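> For reference, this is entry11.cif, and it has mmCIF, N, CA, C and O atoms.
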```
data_upload
loop_
_atom_site.label_atom_id
_atom_site.label_comp_id
_atom_site.auth_asym_id
_atom_site.auth_seq_id
_atom_site.Cartn_x
_atom_site.Cartn_y
_atom_site.Cartn_z
N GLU P 1 -45.62 41.10 -105.24
CA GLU P 1 -46.48 41.51 -106.36
C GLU P 1 -47.83 40.81 -106.27
O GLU P 1 -47.90 39.73 -105.69
N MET P 2 -48.89 41.42 -106.83
CA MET P 2 -50.24 40.83 -106.73
C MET P 2 -51.33 41.69 -107.38
O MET P 2 -51.48 42.87 -107.08
N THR P 3 -52.09 41.05 -108.26
CA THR P 3 -53.22 41.67 -108.97
C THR P 3 -54.44 41.73 -108.08
O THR P 3 -54.94 40.71 -107.63
N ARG P 4 -54.96 42.92 -107.87
CA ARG P 4 -56.04 43.11 -106.93
C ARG P 4 -57.39 43.09 -107.64
O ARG P 4 -57.64 43.90 -108.54
N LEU P 5 -58.24 42.14 -107.27
CA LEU P 5 -59.60 42.08 -107.78
C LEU P 5 -60.55 42.67 -106.76
O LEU P 5 -60.58 42.22 -105.62
N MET P 6 -61.31 43.67 -107.16
CA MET P 6 -62.29 44.26 -106.28
C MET P 6 -63.61 43.50 -106.37
O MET P 6 -64.40 43.68 -107.30
N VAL P 7 -63.81 42.62 -105.41
CA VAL P 7 -65.01 41.82 -105.32
C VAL P 7 -66.04 42.55 -104.48
O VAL P 7 -65.68 43.22 -103.53
N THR P 8 -67.31 42.47 -104.84
CA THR P 8 -68.34 43.11 -104.03
C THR P 8 -69.37 42.12 -103.50
O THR P 8 -69.97 41.35 -104.26
N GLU P 9 -69.58 42.17 -102.20
CA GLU P 9 -70.52 41.29 -101.54
C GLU P 9 -71.84 42.01 -101.29
O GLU P 9 -71.92 42.95 -100.51
N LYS P 10 -72.86 41.55 -101.98
CA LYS P 10 -74.21 42.07 -101.83
C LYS P 10 -75.19 40.97 -102.21
O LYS P 10 -74.76 39.84 -102.38
N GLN P 11 -76.48 41.26 -102.35
CA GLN P 11 -77.46 40.21 -102.67
C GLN P 11 -77.04 39.38 -103.89
O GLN P 11 -77.52 38.27 -104.10
N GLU P 12 -76.14 39.94 -104.68
CA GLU P 12 -75.51 39.23 -105.78
C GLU P 12 -74.48 38.22 -105.27
O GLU P 12 -74.62 37.01 -105.49
N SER P 13 -73.45 38.71 -104.58
CA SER P 13 -72.29 37.90 -104.25
C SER P 13 -72.05 37.79 -102.75
O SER P 13 -70.94 37.52 -102.32
N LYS P 14 -73.08 37.99 -101.94
CA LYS P 14 -72.94 37.85 -100.49
C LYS P 14 -72.48 36.46 -100.08
O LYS P 14 -72.04 36.25 -98.96
N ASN P 15 -72.59 35.51 -101.00
CA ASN P 15 -72.08 34.16 -100.77
C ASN P 15 -70.56 34.18 -100.66
O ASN P 15 -69.96 33.32 -100.02
N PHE P 16 -69.96 35.18 -101.28
CA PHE P 16 -68.51 35.31 -101.30
C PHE P 16 -67.98 35.84 -99.98
O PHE P 16 -66.86 35.50 -99.58
N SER P 17 -68.78 36.65 -99.29
CA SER P 17 -68.34 37.36 -98.09
C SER P 17 -67.62 36.43 -97.12
O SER P 17 -66.51 36.70 -96.68
N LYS P 18 -68.26 35.31 -96.81
CA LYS P 18 -67.71 34.37 -95.85
C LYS P 18 -66.78 33.36 -96.52
O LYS P 18 -66.05 32.64 -95.84
N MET P 19 -66.80 33.32 -97.85
CA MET P 19 -65.91 32.44 -98.60
C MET P 19 -64.49 32.91 -98.44
O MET P 19 -63.59 32.15 -98.08
N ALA P 20 -64.30 34.20 -98.68
CA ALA P 20 -62.99 34.82 -98.57
C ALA P 20 -62.48 34.76 -97.13
O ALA P 20 -61.27 34.70 -96.89
N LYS P 21 -63.41 34.76 -96.20
CA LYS P 21 -63.09 34.74 -94.78
C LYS P 21 -62.79 33.33 -94.31
O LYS P 21 -62.32 33.13 -93.18
N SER P 22 -63.08 32.36 -95.15
CA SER P 22 -62.90 30.97 -94.79
C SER P 22 -61.41 30.66 -94.66
O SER P 22 -60.59 31.29 -95.32
N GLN P 23 -61.08 29.68 -93.83
CA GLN P 23 -59.69 29.30 -93.58
C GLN P 23 -58.97 28.99 -94.89
O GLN P 23 -57.79 29.29 -95.05
N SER P 24 -59.69 28.39 -95.83
CA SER P 24 -59.14 28.04 -97.12
C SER P 24 -58.77 29.30 -97.91
O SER P 24 -57.63 29.44 -98.36
N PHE P 25 -59.71 30.23 -98.03
CA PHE P 25 -59.46 31.42 -98.83
C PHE P 25 -58.65 32.46 -98.07
O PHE P 25 -58.08 33.35 -98.67
N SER P 26 -58.63 32.38 -96.75
CA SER P 26 -57.79 33.28 -95.98
C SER P 26 -56.33 33.13 -96.40
O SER P 26 -55.60 34.11 -96.55
N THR P 27 -55.93 31.90 -96.65
CA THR P 27 -54.55 31.56 -96.88
C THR P 27 -54.17 31.49 -98.37
O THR P 27 -53.09 31.95 -98.75
N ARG P 28 -55.08 30.97 -99.19
CA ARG P 28 -54.77 30.50 -100.56
C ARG P 28 -53.78 31.40 -101.34
O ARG P 28 -52.78 30.91 -101.86
N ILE P 29 -54.05 32.70 -101.41
CA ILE P 29 -53.22 33.59 -102.20
C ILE P 29 -52.10 34.18 -101.36
O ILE P 29 -51.01 34.46 -101.86
N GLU P 30 -52.39 34.40 -100.07
CA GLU P 30 -51.43 34.95 -99.13
C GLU P 30 -50.10 34.19 -99.14
O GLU P 30 -49.04 34.78 -98.97
N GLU P 31 -50.16 32.88 -99.36
CA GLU P 31 -48.95 32.07 -99.39
C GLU P 31 -48.35 32.04 -100.79
O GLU P 31 -47.25 31.53 -100.99
N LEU P 32 -49.08 32.58 -101.74
CA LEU P 32 -48.63 32.61 -103.12
C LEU P 32 -47.97 33.95 -103.45
O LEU P 32 -47.19 34.04 -104.39
N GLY P 33 -48.30 34.96 -102.68
CA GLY P 33 -47.72 36.27 -102.90
C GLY P 33 -48.73 37.39 -102.77
O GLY P 33 -48.37 38.54 -102.57
N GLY P 34 -50.01 37.04 -102.89
CA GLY P 34 -51.06 38.04 -102.78
C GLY P 34 -51.74 38.01 -101.42
O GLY P 34 -51.11 37.61 -100.44
N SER P 35 -53.03 38.40 -101.35
CA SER P 35 -53.77 38.40 -100.09
C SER P 35 -55.20 38.94 -100.24
O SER P 35 -55.65 39.24 -101.34
N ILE P 36 -55.91 39.00 -99.11
CA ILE P 36 -57.27 39.55 -99.06
C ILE P 36 -57.26 40.97 -98.51
O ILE P 36 -56.42 41.31 -97.67
N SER P 37 -58.16 41.81 -98.99
CA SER P 37 -58.42 43.11 -98.39
C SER P 37 -59.92 43.34 -98.29
O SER P 37 -60.59 43.49 -99.30
N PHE P 38 -60.45 43.37 -97.08
CA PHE P 38 -61.87 43.62 -96.90
C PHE P 38 -62.13 45.09 -96.67
O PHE P 38 -61.54 45.72 -95.80
N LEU P 39 -63.01 45.63 -97.49
CA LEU P 39 -63.45 47.00 -97.35
C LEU P 39 -64.92 46.98 -96.95
O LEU P 39 -65.82 47.19 -97.77
N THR P 40 -65.15 46.67 -95.67
CA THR P 40 -66.48 46.35 -95.17
C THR P 40 -67.41 47.57 -95.14
O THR P 40 -68.60 47.44 -94.87
N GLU P 41 -66.86 48.75 -95.43
CA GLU P 41 -67.65 49.97 -95.51
C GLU P 41 -68.78 49.83 -96.52
O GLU P 41 -69.90 50.29 -96.28
N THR P 42 -68.48 49.19 -97.63
CA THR P 42 -69.42 49.06 -98.72
C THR P 42 -69.69 47.59 -99.03
O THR P 42 -70.71 47.24 -99.64
N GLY P 43 -68.80 46.72 -98.57
CA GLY P 43 -68.94 45.31 -98.85
C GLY P 43 -68.06 44.87 -99.99
O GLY P 43 -68.50 44.12 -100.85
N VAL P 44 -66.84 45.39 -100.03
CA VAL P 44 -65.91 45.04 -101.08
C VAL P 44 -64.78 44.18 -100.53
O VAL P 44 -64.29 44.43 -99.43
N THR P 45 -64.37 43.18 -101.29
CA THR P 45 -63.21 42.38 -100.96
C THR P 45 -62.18 42.46 -102.09
O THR P 45 -62.38 41.90 -103.17
N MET P 46 -61.08 43.15 -101.83
CA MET P 46 -60.01 43.25 -102.82
C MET P 46 -59.03 42.08 -102.68
O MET P 46 -58.28 42.01 -101.71
N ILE P 47 -59.06 41.16 -103.63
CA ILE P 47 -58.11 40.05 -103.62
C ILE P 47 -56.92 40.36 -104.49
O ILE P 47 -57.04 40.47 -105.70
N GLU P 48 -55.78 40.48 -103.87
CA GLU P 48 -54.55 40.67 -104.59
C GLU P 48 -53.92 39.31 -104.88
O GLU P 48 -53.71 38.52 -103.97
N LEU P 49 -53.66 39.02 -106.15
CA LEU P 49 -53.02 37.78 -106.55
C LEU P 49 -52.01 38.03 -107.66
O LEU P 49 -52.35 38.55 -108.72
N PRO P 50 -50.77 37.62 -107.44
CA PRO P 50 -49.71 37.80 -108.42
C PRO P 50 -49.82 36.80 -109.54
O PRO P 50 -50.17 35.65 -109.33
N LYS P 51 -49.50 37.22 -110.74
CA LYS P 51 -49.57 36.33 -111.88
C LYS P 51 -48.35 35.43 -111.89
O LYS P 51 -48.13 34.65 -112.81
N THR P 52 -47.58 35.55 -110.83
CA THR P 52 -46.45 34.68 -110.60
C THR P 52 -46.88 33.44 -109.82
O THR P 52 -46.10 32.51 -109.64
N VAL P 53 -48.14 33.43 -109.35
CA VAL P 53 -48.73 32.22 -108.79
C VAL P 53 -48.82 31.17 -109.88
O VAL P 53 -48.74 31.48 -111.08
N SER P 54 -48.98 29.92 -109.49
CA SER P 54 -49.26 28.87 -110.44
C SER P 54 -50.61 29.14 -111.09
O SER P 54 -51.52 29.64 -110.42
N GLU P 55 -50.76 28.84 -112.38
CA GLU P 55 -51.99 29.14 -113.11
C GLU P 55 -53.22 28.61 -112.37
O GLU P 55 -54.27 29.24 -112.40
N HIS P 56 -53.06 27.48 -111.72
CA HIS P 56 -54.12 26.90 -110.89
C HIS P 56 -54.56 27.89 -109.83
O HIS P 56 -55.74 28.15 -109.66
N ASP P 57 -53.59 28.45 -109.13
CA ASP P 57 -53.86 29.39 -108.05
C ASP P 57 -54.37 30.70 -108.61
O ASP P 57 -55.14 31.40 -107.95
N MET P 58 -53.97 31.03 -109.82
CA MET P 58 -54.43 32.25 -110.44
C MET P 58 -55.86 32.08 -110.94
O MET P 58 -56.77 32.77 -110.50
N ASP P 59 -56.06 31.12 -111.81
CA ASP P 59 -57.35 30.91 -112.43
C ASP P 59 -58.36 30.39 -111.41
O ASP P 59 -59.36 31.04 -111.14
N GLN P 60 -58.05 29.25 -110.82
CA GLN P 60 -59.01 28.52 -109.99
C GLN P 60 -59.27 29.20 -108.64
O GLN P 60 -60.33 29.02 -108.07
N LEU P 61 -58.32 29.97 -108.13
CA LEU P 61 -58.55 30.67 -106.87
C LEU P 61 -59.28 31.98 -107.09
O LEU P 61 -60.13 32.36 -106.29
N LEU P 62 -58.96 32.68 -108.17
CA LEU P 62 -59.77 33.84 -108.55
C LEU P 62 -61.12 33.37 -109.06
O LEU P 62 -62.08 34.13 -109.16
N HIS P 63 -61.19 32.08 -109.37
CA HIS P 63 -62.44 31.44 -109.76
C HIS P 63 -63.17 30.93 -108.54
O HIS P 63 -64.39 30.76 -108.57
N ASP P 64 -62.43 30.68 -107.46
CA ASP P 64 -63.03 30.30 -106.18
C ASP P 64 -63.90 31.45 -105.74
O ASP P 64 -64.95 31.28 -105.12
N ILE P 65 -63.43 32.62 -106.11
CA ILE P 65 -64.17 33.85 -105.96
C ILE P 65 -65.53 33.72 -106.65
O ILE P 65 -66.57 33.88 -106.02
N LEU P 66 -65.49 33.39 -107.93
CA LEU P 66 -66.71 33.24 -108.73
C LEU P 66 -67.54 32.05 -108.26
O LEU P 66 -68.76 32.05 -108.39
N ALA P 67 -66.86 31.04 -107.73
CA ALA P 67 -67.53 29.88 -107.15
C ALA P 67 -68.45 30.31 -106.03
O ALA P 67 -69.48 29.69 -105.76
N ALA P 68 -68.08 31.41 -105.40
CA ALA P 68 -68.80 31.96 -104.28
C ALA P 68 -69.72 33.07 -104.74
O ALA P 68 -70.35 33.75 -103.94
N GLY P 69 -69.78 33.25 -106.05
CA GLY P 69 -70.59 34.29 -106.62
C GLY P 69 -69.85 35.61 -106.63
O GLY P 69 -70.34 36.60 -107.17
N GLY P 70 -68.67 35.60 -106.03
CA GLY P 70 -67.84 36.78 -105.95
C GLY P 70 -67.46 37.30 -107.32
O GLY P 70 -66.97 36.54 -108.16
N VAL P 71 -67.68 38.57 -107.53
CA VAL P 71 -67.41 39.18 -108.82
C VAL P 71 -66.04 39.83 -108.84
O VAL P 71 -65.65 40.51 -107.89
N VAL P 72 -65.32 39.63 -109.92
CA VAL P 72 -63.94 40.08 -110.00
C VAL P 72 -63.80 41.34 -110.86
O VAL P 72 -64.15 41.34 -112.04
N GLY P 73 -63.33 42.41 -110.24
CA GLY P 73 -63.03 43.62 -110.97
C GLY P 73 -61.56 43.98 -110.85
O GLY P 73 -60.97 43.82 -109.79
N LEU P 74 -60.97 44.46 -111.93
CA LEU P 74 -59.54 44.74 -111.95
C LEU P 74 -59.23 46.06 -111.25
O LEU P 74 -59.49 47.13 -111.79
N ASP P 75 -58.68 45.97 -110.04
CA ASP P 75 -58.15 47.13 -109.36
C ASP P 75 -56.88 47.54 -110.06
O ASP P 75 -56.67 48.70 -110.43
N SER P 76 -56.04 46.54 -110.25
CA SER P 76 -54.70 46.70 -110.77
C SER P 76 -54.03 45.34 -110.88
O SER P 76 -54.20 44.50 -109.99
N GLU P 77 -53.30 45.12 -111.95
CA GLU P 77 -52.56 43.88 -112.08
C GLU P 77 -51.21 44.02 -111.40
O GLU P 77 -50.64 45.10 -111.43
N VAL P 78 -50.75 42.92 -110.79
CA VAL P 78 -49.56 42.90 -109.91
C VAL P 78 -49.23 44.26 -109.30
O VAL P 78 -48.50 45.06 -109.89
N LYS P 79 -49.73 44.47 -108.08
CA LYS P 79 -49.60 45.73 -107.32
C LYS P 79 -49.45 46.97 -108.19
O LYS P 79 -48.41 47.63 -108.20
N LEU P 80 -50.52 47.25 -108.93
CA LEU P 80 -50.65 48.46 -109.73
C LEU P 80 -49.56 48.55 -110.79
O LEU P 80 -48.59 49.29 -110.67
N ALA P 81 -49.73 47.72 -111.82
CA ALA P 81 -48.87 47.73 -112.98
C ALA P 81 -49.53 48.52 -114.10
O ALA P 81 -49.19 49.71 -114.28
#
```
Could you express the structure from this file as structure tokens?


Amino acid sequence: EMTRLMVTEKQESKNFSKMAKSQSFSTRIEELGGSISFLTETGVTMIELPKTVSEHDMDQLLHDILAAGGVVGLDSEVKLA
């Protein structure tokens, strides 16, 4: 299970592009139950994260997104709930 955030990398959040690609963010949610999805056609990064992660991993890792300027949009909560 995993809630997918559609992040967009552009002059706004292009700081996020390589953040998600970083060794830290490559793994962070993947080991929790979610993962990364890059849609490089337009510059979107869909982060799937289950609310079954620890609140730290939920809040602060989806916030790691925002730390990178990455903007979070709700694709779907826990694999399309």

> Would you kindly identify which residues have an atom no farther than 6 Å from (-56.1, 44.4, -107.3), using only C-alpha atoms and the file's own coordinates, and write them out as a PyMOL selection string?

chain P and resi 3-5+48+74-77

> When distances are computed from only N, CA, C and O atoms, which of P:32, P:78, P:61, P:66 shows the smallest separation from residue 13 (chain P)?

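So, comparing all the options, the nearest one is P:66.
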
> Which of chain P counts as strand (DSSP E) under DSSP, as a list in words please?

residues 3, 4, 5, 6, 7, 8, 35, 36, 37, 38, 39, 44, 45, 46, 47, 48, 49, 74, 75 and 76 of chain P

> One decimal, Å: what's the distance from CA of residue 22 (chain P) over to atom C of residue 65 (chain P), could you say?

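Atom-to-atom, CA of residue 22 (chain P) and atom C of residue 65 (chain P) are spaced 12.5 Å apart.
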
> Tell me which of P:23, P:9, P:52, P:15 sits closest to residue 39 (chain P), counting all atoms listed in the file.

P:9
